[PDB]
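A.B. asks:
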Amino acid sequence: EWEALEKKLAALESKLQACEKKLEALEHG
Amino acid sequence: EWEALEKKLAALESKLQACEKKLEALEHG
Amino acid sequence: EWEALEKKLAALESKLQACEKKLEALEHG
Ligand SMILES: [Zn+2]
Ligand SMILES: [Zn+2]
Ligand SMILES: [Zn+2]
Ligand SMILES: [Zn+2]
Ligand SMILES: [Zn+2]
Ligand SMILES: [Zn+2]
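Protein chains in written order, with PDB author numbering: chain A, 1 to 29; chain B, 1 to 29; chain C, 1 to 29.
(1) Could you list which residues in chain C have their beta carbon closer than 8 Å to that of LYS22 of chain B, in chain order?
(2) Note down, in chain order, every chain A residue with its Cβ under 7 Å from the Cβ of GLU13 of chain B.
(3) Look at the Cβ atom of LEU12 of chain C, then the Cβ atom of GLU27 of chain A, and state whether they are nearer than 8 Å.
(4) Within the continuous alpha helix (DSSP H) that includes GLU20 of chain C, where are the two ends?
(5) Kindly list, in the order they appear in chain B, the residues whose Cβ is closer than 8 Å to that of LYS8 of chain A.
(6) Who's in the neighbourhood of ligand 4, going by beta-carbon under 7 Å from any heavy atom, listed in chain order?
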């Protein structure tokens with residue numbers, strides 16, 4: 001459970017970065 | 001602290017999910 | 001490590017709040 005939490009937190013971080021990038025490129029183009 | 005943090009991770013995950021759904025909507029108008 | 005996990009969760013939540021505020025500005029002008 002400790003390590004499953006840690007991996008969820010890593011995926012959240014990666015997902016959020018992917019959002020941040022979509023968010024940016026919708027802002028542009 | 002454990003289930004508090006788990007609850008806090010669950011809330012972020014669904015807020016992020018909302019964000020990704022609203023970004024995709026914005027994408028299509 | 002617990003305190004490191006919590007700081008990472010705090011930072012994720014700040015970036016999410018920031019992505020949410022940017023998304024509202026894009027939705028609504
Ligand atoms: Zn659990
Ligand atoms: Zn639990
Ligand atoms: Zn799409
Ligand atoms: Zn789509
Ligand atoms: Zn909105
Ligand atoms: Zn509007």
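We treat Cβ as the ideally placed atom computed from N, Cα and C, and that holds for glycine.
C.D. replies: Judging by the given coordinates:
(1) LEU23, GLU27
(2) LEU12
(3) no
(4) 2-28
(5) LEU9, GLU13
(6) B:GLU24, B:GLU27, B:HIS28
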